[PDB]
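Down below is the structure, laid out as structure tokens.
Virtual Cβ from ideal backbone geometry, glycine too; neighbours counted across all protein chains shown. All of this is worked out from the model, or read from it or from the source named; these are not laboratory values.
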Amino acid sequence: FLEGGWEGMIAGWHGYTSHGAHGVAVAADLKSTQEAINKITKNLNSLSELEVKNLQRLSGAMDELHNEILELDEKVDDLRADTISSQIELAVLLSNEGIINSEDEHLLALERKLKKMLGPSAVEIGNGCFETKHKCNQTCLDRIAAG
Amino acid sequence: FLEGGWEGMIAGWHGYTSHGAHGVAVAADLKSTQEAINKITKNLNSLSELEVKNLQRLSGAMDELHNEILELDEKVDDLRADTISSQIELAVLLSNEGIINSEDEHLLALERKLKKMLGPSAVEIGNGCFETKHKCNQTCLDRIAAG
Amino acid sequence: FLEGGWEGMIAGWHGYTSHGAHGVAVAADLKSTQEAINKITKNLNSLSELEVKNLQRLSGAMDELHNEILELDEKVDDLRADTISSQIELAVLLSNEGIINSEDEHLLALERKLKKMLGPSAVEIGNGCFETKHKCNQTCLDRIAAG
Amino acid sequence: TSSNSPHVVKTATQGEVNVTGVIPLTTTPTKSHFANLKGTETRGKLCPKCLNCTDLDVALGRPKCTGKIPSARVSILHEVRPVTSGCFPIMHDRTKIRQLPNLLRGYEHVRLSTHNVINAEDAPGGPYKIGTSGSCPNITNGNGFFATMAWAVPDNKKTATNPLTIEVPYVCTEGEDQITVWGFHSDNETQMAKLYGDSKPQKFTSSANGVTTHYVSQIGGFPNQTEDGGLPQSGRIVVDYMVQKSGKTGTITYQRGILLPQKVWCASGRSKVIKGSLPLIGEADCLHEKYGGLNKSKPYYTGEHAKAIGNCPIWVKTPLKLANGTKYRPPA
Amino acid sequence: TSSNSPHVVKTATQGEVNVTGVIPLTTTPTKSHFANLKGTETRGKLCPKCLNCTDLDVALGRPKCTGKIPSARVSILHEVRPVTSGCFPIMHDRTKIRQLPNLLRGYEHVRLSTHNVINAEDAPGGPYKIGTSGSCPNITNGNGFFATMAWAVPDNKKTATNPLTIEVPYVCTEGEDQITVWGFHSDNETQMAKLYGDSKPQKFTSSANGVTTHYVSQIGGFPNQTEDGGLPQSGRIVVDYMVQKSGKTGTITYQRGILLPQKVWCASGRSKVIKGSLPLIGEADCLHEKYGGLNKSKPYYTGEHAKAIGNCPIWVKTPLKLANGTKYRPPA
Amino acid sequence: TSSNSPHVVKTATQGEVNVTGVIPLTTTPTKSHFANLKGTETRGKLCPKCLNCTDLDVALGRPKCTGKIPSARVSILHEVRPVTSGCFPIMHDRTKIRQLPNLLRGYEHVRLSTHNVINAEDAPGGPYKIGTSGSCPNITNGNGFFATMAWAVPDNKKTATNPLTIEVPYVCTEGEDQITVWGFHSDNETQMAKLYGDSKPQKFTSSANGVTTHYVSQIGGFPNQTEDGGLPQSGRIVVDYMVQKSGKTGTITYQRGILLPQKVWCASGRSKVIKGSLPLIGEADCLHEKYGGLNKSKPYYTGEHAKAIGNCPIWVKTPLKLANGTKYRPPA
Ligand SMILES: *[C@@H]1O[C@H](CO)[C@@H](O[C@@H]2O[C@H](CO)[C@@H](O[C@@H]3O[C@H](CO)[C@@H](O)[C@H](O)[C@@H]3O)[C@H](O)[C@H]2NC(C)=O)[C@H](O)[C@H]1NC(C)=O
Ligand SMILES: *[C@@H]1O[C@H](CO)[C@@H](O[C@@H]2O[C@H](CO)[C@@H](O[C@@H]3O[C@H](CO)[C@@H](O)[C@H](O)[C@@H]3O)[C@H](O)[C@H]2NC(C)=O)[C@H](O)[C@H]1NC(C)=O
Ligand SMILES: *[C@@H]1O[C@H](CO)[C@@H](O[C@@H]2O[C@H](CO)[C@@H](O[C@@H]3O[C@H](CO)[C@@H](O)[C@H](O)[C@@H]3O)[C@H](O)[C@H]2NC(C)=O)[C@H](O)[C@H]1NC(C)=O
Ligand SMILES: *[C@@H]1O[C@H](CO)[C@@H](O[C@@H]2O[C@H](CO)[C@@H](O[C@@H]3O[C@H](CO)[C@@H](O)[C@H](O)[C@@H]3O)[C@H](O)[C@H]2NC(C)=O)[C@H](O)[C@H]1NC(C)=O
Ligand SMILES: *[C@@H]1O[C@H](CO)[C@@H](O[C@@H]2O[C@H](CO)[C@@H](O[C@@H]3O[C@H](CO)[C@@H](O)[C@H](O)[C@@H]3O)[C@H](O)[C@H]2NC(C)=O)[C@H](O)[C@H]1NC(C)=O
Ligand SMILES: *[C@@H]1O[C@H](CO)[C@@H](O[C@@H]2O[C@H](CO)[C@@H](O[C@@H]3O[C@H](CO)[C@@H](O)[C@H](O)[C@@H]3O)[C@H](O)[C@H]2NC(C)=O)[C@H](O)[C@H]1NC(C)=O
Ligand SMILES: *[C@@H]1O[C@H](CO)[C@@H](O[C@@H]2O[C@H](CO)[C@@H](O[C@@H]3O[C@H](CO)[C@@H](O)[C@H](O)[C@@H]3O)[C@H](O)[C@H]2NC(C)=O)[C@H](O)[C@H]1NC(C)=O
Ligand SMILES: *[C@@H]1O[C@H](CO)[C@@H](O[C@@H]2O[C@H](CO)[C@@H](O[C@@H]3O[C@H](CO)[C@@H](O)[C@H](O)[C@@H]3O)[C@H](O)[C@H]2NC(C)=O)[C@H](O)[C@H]1NC(C)=O
Ligand SMILES: *[C@@H]1O[C@H](CO)[C@@H](O[C@@H]2O[C@H](CO)[C@@H](O[C@@H]3O[C@H](CO)[C@@H](O)[C@H](O)[C@@H]3O)[C@H](O)[C@H]2NC(C)=O)[C@H](O)[C@H]1NC(C)=O
Ligand SMILES: *[C@@H]1O[C@H](CO)[C@@H](O[C@@H]2O[C@H](CO)[C@@H](O)[C@H](O)[C@H]2NC(C)=O)[C@H](O)[C@H]1NC(C)=O
Ligand SMILES: *[C@@H]1O[C@H](CO)[C@@H](O[C@@H]2O[C@H](CO)[C@@H](O)[C@H](O)[C@H]2NC(C)=O)[C@H](O)[C@H]1NC(C)=O
Ligand SMILES: *[C@@H]1O[C@H](CO)[C@@H](O[C@@H]2O[C@H](CO)[C@@H](O)[C@H](O)[C@H]2NC(C)=O)[C@H](O)[C@H]1NC(C)=O
Ligand SMILES: *[C@@H]1O[C@H](CO)[C@@H](O[C@@H]2O[C@H](CO)[C@@H](O)[C@H](O)[C@H]2NC(C)=O)[C@H](O)[C@H]1NC(C)=O
Ligand SMILES: *[C@@H]1O[C@H](CO)[C@@H](O[C@@H]2O[C@H](CO)[C@@H](O)[C@H](O)[C@H]2NC(C)=O)[C@H](O)[C@H]1NC(C)=O
Ligand SMILES: *[C@@H]1O[C@H](CO)[C@@H](O[C@@H]2O[C@H](CO)[C@@H](O)[C@H](O)[C@H]2NC(C)=O)[C@H](O)[C@H]1NC(C)=O
Ligand SMILES: *[C@@H]1O[C@H](CO)[C@@H](O)[C@H](O)[C@H]1NC(C)=O
Ligand SMILES: *[C@@H]1O[C@H](CO)[C@@H](O)[C@H](O)[C@H]1NC(C)=O
Ligand SMILES: *[C@@H]1O[C@H](CO)[C@@H](O)[C@H](O)[C@H]1NC(C)=O
Ligand SMILES: *[C@@H]1O[C@H](CO)[C@@H](O)[C@H](O)[C@H]1NC(C)=O
Ligand SMILES: *[C@@H]1O[C@H](CO)[C@@H](O)[C@H](O)[C@H]1NC(C)=O
Ligand SMILES: *[C@@H]1O[C@H](CO)[C@@H](O)[C@H](O)[C@H]1NC(C)=O
């Protein structure tokens, strides 16, 4: 239901699962949810903000009359196109490598703050969902999700 | 023998050392060993797959007759060569920075899965080799190395 | 005084705070302090060491007489300038992203070595300053800061 | 959280990976019409208000095609090989004159001069009368000729001459290039004898900024008339241009049949020029050579690379996607 | 695991670090022979089947050097300064003709035309007979001349003339450039008088696509014969070429001694051209200007940068290595 | 540790962040004087020891401006449009001669030849006497002329002639380009008749490496004298140059008034050339076109991009800063 995954609702795209004996209390951390959205927004903008100069024709190079110069001009435009495309691909690929490799830090950070809020009472393995030594109801879980 | 290092066999290039009172049981995680090989293979290929357009002569620029155009053409080829070399060096240097800085995560990840398999019985410092509160023989260690 | 921060002395730019019942013993890890300085120095140098070829005029292209070639030459110099600037900005931006994101590893690494030196006696949350189960005076703290 | 996550993104070192959501960064533009670039003045024809004129008639000063050329920062190269639509028959392919309008459009500011560069009547070769043609009607429908040239026909003493030299002064202001249009007339043997007095082929040269040329006229045997006023003519003209870089004078050498420079073009600055096709319809944020106007819906595009002007998407080799979500985590 | 680990790799921010294993990414090529590029047709000589001919004899249509030029996408510029090996003595360094073959090799498809562009016998200057030479033997060992030119010698009325003009038609199909070869003959005073009727220096011009030239013949006093059929001659020829961009005609102006265009070259597409040296031995994945054929054993190379064609390693400034292992961990 | 930390640095993916300390990587240079590049020999004037001479007087061999040109690897283009300061009046703007010195400065090694390329006295056109001028005083204050040209005036038989041809030999060593300076004289009708015997306009041509030109002299009606010895003259000269690429000869065609080549320039290698302004004051690590000498205090700079030579900072678009410290941590 909360761990592993199933074809449920992903509307709060929540980063951690609930725990406890009170049936299955569920609450979402919407501060975390907004952080993730704002973070991707900033990354998208640093890429969409890239500006390069555009290419145009040489104003003094007339067709036919200066065909040799123009052949070189085409070569320059074409080589430049590979260069800029490669810089963009690297910027995007590095952005994605960074995003992909931030997956574990985000999840580990969430478990660490649960320990801060819950205290030195427990450890967990595998998925690692922190589990308490006391019962916590929906009101309790909402307070935790909200800090 | 297992910690620090010596001029022994490195054939399984193993990421963790054994522990326990049963003499010195030794087993290798060959899943981990293959992951490391497959990971470097993928990185090598993303670099060897780089394709850039090659440079050639301007077809309409004749020697001597159009020497001035050709001087510029040489300038273009030469500047392009620095540009591509620099992009490659950065891609390689970033790949190496990423590889070098993945050393601790690989080792920490290995110790974390040993804790998953062994349970919340112990901690360790310095090299951090997890050590149990129970005896584990070679058959036991092989089961652990194999999951 | 040590946590959070105030308008005090930052001369040893120290990475961790002290703990203990002996008033407020304070000692700095100057090995850590030098590591941080040497690390930034190396990064600064890998950037200041970038070398690219410089641009000059075509030796055979005379003003007016070969104005069309020269217009293209200016285009080439200008496009090259964007290309090199972009490579530098990326190298610098990646260097800064790496520096900014190394903040937590540096602090976590410092707390881990305190645990190595102090033993498996305690945990802490929030700022995480390790706190002992025994009194440690200024001489004790100096030995810890010094290893 | 996890969902059905088959989206694929690439990383620099891990090759391809599966993720739970992506943000496409690229699009593929669809070819459309050229449009005015938004904000910046865009030049189509050299003189948008010179009706029943084309760029080469305007460039040559054809009667009734004169007028102001608007300044512009962006120009579209509508005609690769400009043509004429009137006045005297021109043997266009003998010179480089068809590209004159494509030179003028490359300047930000283009104006025709206010005074004749050369006194055509009083010039080496003797007193001249200035010729007109029924093919080049003026604003009162009389017989005119190109504003940029004087057809200098000897008044008297219709004899053969030796090459004569005129230094063509620089009359534009500093910083402006001066483009001088000049040329020559030729006819069959009978008319050359009646009009100039010398039926043999005439020779002409020109020089500016170290660049020189040479022409020899053709006597009789002319090619069929195209791109002109429609009246039959026995003769033809050859028209060329000389470019005088700012501060320099040029030189013209001639015998009989010279069309002397009169008004000249003064021009400065630089327009951004791309190839394209008129009419310009509406406005666009970017003008692309292959795709016409674009509005940059995505920061990057895939497709055919070409020159462009404006707030353009950047061409890239492949589709690009950012990961938005985490790696695919199958429901296990 | 740790081993003796002195391998050094560089990182972007940590400078140099010691690792337990590396993967060299670069090599250093060793200069070898040029080879056919693997897969793609590679052009060496213009006509590989025209024996005892060089590229300039083929380009000029020397008798017995005619034939088909194979199309190719890759060409090697074997001769920087092409030479001839037969037919009439040519004062090669008076014009730009030595580079003609290097222009033809730059096209993907090159063919000589099937029909004469100009009727040489019936042309301005009066009826001509077409000259031949003992230096230019044909396939039946009679006296021929270059296929691309007609040596037009007046049949009668051997008098001096005024410059005459021929418009050279475009005969290639759309999209093909037309390269016209033309030239002139000159001799000493005695022979000019017997052959053409005018011993003074003759003048010639040409024009295409705005590009013009001018020549004046030399009478007598010719340079020593080289690169020709070996028979002594009192005269010499000057050969040039004109390039007519697709759709355009060109113009030739001449007096006596004109070698009129006959067959012309039609060409299209573009070959990839690098400098190199024949013979081509075997095949290679990449052809490099400094190193000859290469087979890309490593993705990058160090060494001297130069142009290349094919599945080439990418030049880099330094040796490059990936770390394969971890940082060096001394046995402590 | 934390401090007041408003410094802002940018990252590739997080946009802008606040840090506790930065290292500026960029500076903004201040325009200063040009200077000798440190270490490498820098060329200012072509002949620093030829006093009361400018680069065009040195290039033309003006009497008393001859001498050795130091080799240099770095050159500064002091005069965009070089001028003369003495000897015979030159109609500079008729040709491309003003740029001759800017061609010579582009070579690493430039020397004037030791022997005349052409025997001027014995040449086509008949025995010549070599002309001198009061405007061109030599080292003993007699009448000289440019070292690079012989003013060839017929000794006797002062008649009109037909164009004559001289092949100009290559006299430089292999690898050197040979730059030949030649020209022609012209005068009013009276003096042409007394000096050459032919008052009509004379024609000249030249050819090298496929590049050709043509000139027609002007008879009388000359422009006002500038940039010369100061004595009045009725005539004027036209001076041009021909560049013969290594191993090739060139050709000059002429009638009367020819200034024949004598000494020629031999040159090789390449200098690094930027635009600038003399005098050079002191030394600098980098010479920039807009900023003069720079000493690279920071690895990068912002400001106006331009060409440069030396150990230069690299131009970047924005100020750049490294983070030195951690992110800002407000005192909480
Ligand atoms: C359109 O073209 C016509 C001619 O094709 C121009 O008309 C001509 O204008 C000139 C200048 O005013 C007249 O010249 C003068 O003629 C008188 C005759 O007595 C003479 O005494 C003067 O010394 C001078 O030569 C010319 O005769 C007149 N021709 C005709 C047929 O009217 C007309 O001005 C042009 N229109 C425009 C707007 O340019
Ligand atoms: C050279 O060009 C001129 C034109 O500038 C040609 O002259 C023209 O020749 C035609 C005949 O072929 C003449 O037409 C006739 O005119 C009379 C006039 O009374 C009329 O009665 C006839 O019914 C017919 O229309 C025309 O007038 C004449 N025009 C001029 C200005 O002379 C000349 O023939 C050409 N010569 C060569 C060798 O090509
Ligand atoms: C780029 O964006 C511009 C701005 O949205 C697009 O041009 C605009 O297109 C609309 C629809 O064709 C025009 O609306 C018209 O308004 C008049 C008002 O009287 C109305 O009568 C018409 O029926 C219609 O609704 C709008 O005026 C026009 N804007 C401008 C400045 O001309 C443009 O097409 C987009 N181009 C691309 C490549 O996406
Ligand atoms: C190789 O060159 C020789 C000449 O150097 C060519 O032979 C010549 O061919 C022409 C055309 O068939 C002959 O012209 C005709 O001569 C008869 C003579 O009665 C005349 O009645 C015709 O009106 C016409 O002028 C010419 O005489 C002949 N010359 C010789 C010496 O045989 C030969 O055809 C060329 N071979 C090839 C493959 O091109
Ligand atoms: C201009 O060029 C022509 C060649 O096209 C030169 O004519 C040749 O002159 C030589 C003598 O120097 C003649 O050789 C002699 O021929 C007779 C024939 O009976 C023979 O008995 C002698 O033993 C000797 O071989 C040659 O035949 C003649 N050829 C032609 C076609 O005329 C001419 O001398 C040159 N003139 C100048 C001013 O350079
Ligand atoms: C790039 O790789 C190609 C392909 O391996 C290399 O060319 C090949 O070289 C071998 C050895 O020289 C040739 O083998 C010969 O086969 C004949 C078969 O009858 C045998 O009689 C000979 O004794 C010999 O064993 C092979 O044919 C040839 N392949 C081709 C397509 O020509 C090439 O040399 C490598 N180039 C570089 C730069 O490394
Ligand atoms: C500076 O220019 C003057 C002339 O403007 C040069 O003086 C001239 O030098 C030549 C060569 O030595 C003298 O020619 C000879 O004259 C004698 C007279 O009897 C004659 O027999 C010889 O056959 C030969 O023609 C010429 O007379 C002399 N002129 C004058 C006025 O002295 C002077 O040499 C030049 N200085 C330098 C350093 O180049
Ligand atoms: C063509 O150029 C020549 C110069 O090379 C001009 O000749 C010069 O004409 C002036 C008069 O305008 C002469 O001045 C007079 O000389 C006599 C000598 O006895 C003196 O007594 C007078 O007081 C006065 O100074 C000058 O000598 C003469 N020089 C030469 C070398 O002939 C000629 O007039 C010009 N012709 C044309 C059509 O432009
Ligand atoms: C780049 O760095 C060089 C080297 O520091 C700067 O040139 C140097 O400037 C100093 C001060 O102007 C010169 O010192 C002088 O020494 C003489 C010794 O007799 C003394 O009499 C003077 O009063 C003065 O102290 C020094 O000689 C000079 N070095 C050289 C090689 O000329 C240069 O100005 C800096 N340029 C830039 C763009 O920053
Ligand atoms: C990145 O993915 C998230 C998750 O799907 C997108 O945010 C959702 O937007 C819809 C819009 O109707 C909302 O109903 C959902 O509640 C949002 N989900 C969450 C977890 O907040 C987001 O728009 C995507 N961003 C981009 C640039 O594509
Ligand atoms: C990266 O390093 C590993 C470790 O040396 C290489 O793998 C070894 O290959 C030999 C081949 O005979 C085997 O006998 C060893 O058992 C392998 N070791 C391990 C730990 O698997 C690997 O080939 C290197 N990769 C590259 C691209 O150089
Ligand atoms: C990076 O920041 C540190 C911290 O401010 C700088 O080091 C200080 O330098 C002053 C020099 O008088 C010393 O008094 C301080 O004690 C140093 N502080 C520490 C923590 O060592 C360092 O110079 C800066 N580096 C760069 C390149 O700007
Ligand atoms: C990672 O991505 C690849 C490509 O998206 C997945 O491989 C393909 O998955 C589709 C699913 O419909 C199959 O039809 C194809 O046959 C698969 N390709 C191959 C070569 O087998 C891959 O499965 C994804 N990773 C995970 C964990 O599912
Ligand atoms: C990191 O690499 C450097 C270079 O590989 C090592 O420094 C050199 O090591 C060799 C070993 O034979 C010595 O002979 C040289 O004298 C050393 N250079 C200098 C300047 O002292 C360095 O030792 C390596 N790091 C470690 C931990 O060993
Ligand atoms: C991060 O940096 C930005 C820019 O340095 C800070 O925003 C500005 O801070 C100054 C401080 O004097 C205010 O006067 C401005 O009004 C602030 N800008 C805006 C748009 O409000 C920002 O505060 C910094 N982050 C933190 C935690 O302080
Ligand atoms: C000339 O312009 C008018 C409009 O002013 C138009 O009706 C006419 O058709 C045009 N003539 C030609 C030949 O295009
Ligand atoms: C030129 O015009 C005449 C009619 O005046 C026509 O018969 C001839 O075919 C035309 N020639 C060409 C090439 O169009
Ligand atoms: C001409 O070709 C034949 C082979 O067909 C060859 O034997 C002969 O040597 C060649 N002649 C020359 C001059 O190279
Ligand atoms: C030209 O040939 C003659 C023999 O016919 C020879 O004596 C002379 O030296 C040769 N000249 C050159 C420059 O080779
Ligand atoms: C010529 O040089 C001297 C120094 O040798 C100088 O005094 C004189 O003023 C200079 N003459 C001119 C016209 O510059
Ligand atoms: C040329 O010089 C004369 C004096 O000899 C002077 O009157 C005239 O104005 C000058 N012309 C020019 C264009 O400077």
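Figures for the structure shown
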| quantity | calculated |
| --- | --- |
| Residue selected from the range C:70-83 under the condition more than 22 Å from residue F:106 (Cα to Cα) and more than 9 Å from chain F (Cβ to nearest Cβ), by the criterion surrounded by the fewest Cβ atoms within 10 Å (Cβ to Cβ) | C:79 |
| Flag if residue E:46 is closer than 22 Å to residue E:147 by Cβ, without any contact (Cβ under 8 Å) to a residue 24 or more places away in the chain, among the aliphatic types (A, V, I, L, M) and more than 14 Å from every other protein chain (Cβ to nearest Cβ) | no |
| Considering residues of the range F:273-323 that are basic (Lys, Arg), over 24 Å from the mean Cα position of the chain (by Cα) and part of a loop (DSSP other than H, G, I, E, B) only, the residue farthest from ligand 13 (Cβ to nearest atom) | F:296 |
| Criterion: of a type in the set (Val, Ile, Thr), within 14 Å of chain B (Cβ to nearest Cβ) and buried (at least 21 other Cβ atoms within 10 Å of the Cβ) - qualifying residue of E:273, E:264 | E:273 |
| Matching residues, the range E:266-283, being out of contact with any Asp or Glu (no Cβ under 7 Å at 6 or more places or on another chain) and not polar (S, T, N, Q) | E:272, E:273, E:278, E:279, E:280, E:281, E:282, E:283 |
| The range C:20-36 - residue that is aliphatic (A, V, I, L, M) and in a helix (DSSP H, G or I) and, of those, farthest from residue C:1 (Cα to Cα) | C:36 |
| Unmet criterion (only one of (1) away from chain A (no Cβ under 14 Å); (2) without any contact (Cβ under 8 Å) to a residue 40 or more places away in the chain; (3) of a type in the set (A, V, I, L, M)) for residue D:332 | (1) |
| Total residues in the range D:168-194, condition buried (at least 18 other Cβ atoms within 10 Å of the Cβ) and either in a strand (DSSP E or B) or hydrophobic (A, V, I, L, M, F, W, C) (or both) | 14 |
| Given (1) assigned to a loop (DSSP other than H, G, I, E, B); (2) in the same structural domain as residue F:104 (by TED's automatic domain parsing), index of the condition residue F:251 fails | (1) |
| Any hit, the range E:138-146, residues being away from ligand 21 (no atom under 16 Å from the Cβ) and touching an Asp or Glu at 6+ places or on another chain (Cβ under 6 Å) | no |
| Cβ-Cβ under 9 Å pairs, at least 6 apart or on other chains, the range F:125-149 side within 14 Å of chain E (Cβ to nearest Cβ) and closer than 25 Å to residue F:160 by Cα, far side away from ligand 5 (no atom under 16 Å from the Cβ) and small (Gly, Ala, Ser) | F:125/F:152 |
| Residues satisfying the stated conditions in the range B:98-129, i.e. closer than 19 Å to residue C:122 by Cα and of a type in the set (A, V, I, L, M) | B:122, B:123, B:125 |
| In the range F:160-176, residue nearest to ligand 3 (Cβ to nearest atom) [restricted to those that are of a type in the set (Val, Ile, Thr) and under 22 Å from the mean Cα position of the chain (by Cα)] | F:173 |
| Residues of the range E:71-114 satisfying the condition of being acidic (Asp, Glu) and touching a residue at least 40 places away in the same chain (Cβ under 8 Å) | E:108 |
| Some residue of the range A:19-28 being at the interface with chain D (Cβ under 10 Å from one of its Cβ atoms) and within 19 Å of the chain's Cα centre (by Cα) | yes |
| Residues of the range F:212-248 that turn out to be part of a strand (DSSP E or B) and touching a residue at least 24 places away in the same chain (Cβ under 8 Å), as a count | 11 |
| Conditions (1) away from chain E (no Cβ under 14 Å); (2) crowded, with 23+ Cβ neighbours inside 10 Å; (3) not β-branched (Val, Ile, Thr): number failed by residue F:240 | (2) |
| Whichever residue in the range E:195-209 is within 10 Å of another protein chain (Cβ to nearest Cβ) and surrounded by fewer than 22 Cβ atoms within 10 Å (Cβ to Cβ) and, among such residues, is nearest to the chain's Cα centre (by Cα) | E:205 |
| Which listed residue is out of contact with any helix residue (DSSP H, G or I) (no Cβ under 7 Å at 6 or more places or on another chain) and either more than 14 Å from every other protein chain (Cβ to nearest Cβ) or within 16 Å of ligand 19 (Cβ to nearest atom) (or both), from F:103, F:51 | F:51 |
| Count - residues of the range E:135-159 that are surrounded by 14 or more Cβ atoms within 10 Å (Cβ to Cβ), away from ligand 18 (no atom under 16 Å from the Cβ), under 30 Å from the mean Cα position of the chain (by Cα) and assigned to a strand (DSSP E or B) | 6 |
| Any hit, the range D:27-42, residues being of a type outside the set (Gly, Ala, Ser) and free of Cβ contacts under 8 Å to residues at least 40 places away in the same chain | yes |
| Failed item in (1) surrounded by fewer than 18 Cβ atoms within 10 Å (Cβ to Cβ); (2) not in a loop (DSSP other than H, G, I, E, B); (3) not aliphatic (A, V, I, L, M), with residue D:122 passing the rest | (2) |
| From D:292, D:282, D:229, D:247, residue being within 16 Å of ligand 2 (Cβ to nearest atom) and more than 14 Å from chain A (Cβ to nearest Cβ) | D:229 |
| Selection status of residue A:39, more than 24 Å from residue D:99 (Cα to Cα), assigned to a helix (DSSP H, G or I) and either small (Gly, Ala, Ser) or within 11 Å of chain D (Cβ to nearest Cβ) (or both) | yes |
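Here's the yes/no breakdown for (1) more than 7 Å from chain E (Cβ to nearest Cβ); (2) surrounded by 20 or more Cβ atoms within 10 Å (Cβ to Cβ):
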position: B:44; (1), (2): no, no
position: B:48; (1), (2): no, no
position: B:55; (1), (2): no, yes
position: B:59; (1), (2): no, yes
position: B:68; (1), (2): yes, yes
position: B:103; (1), (2): no, no
position: B:121; (1), (2): yes, no
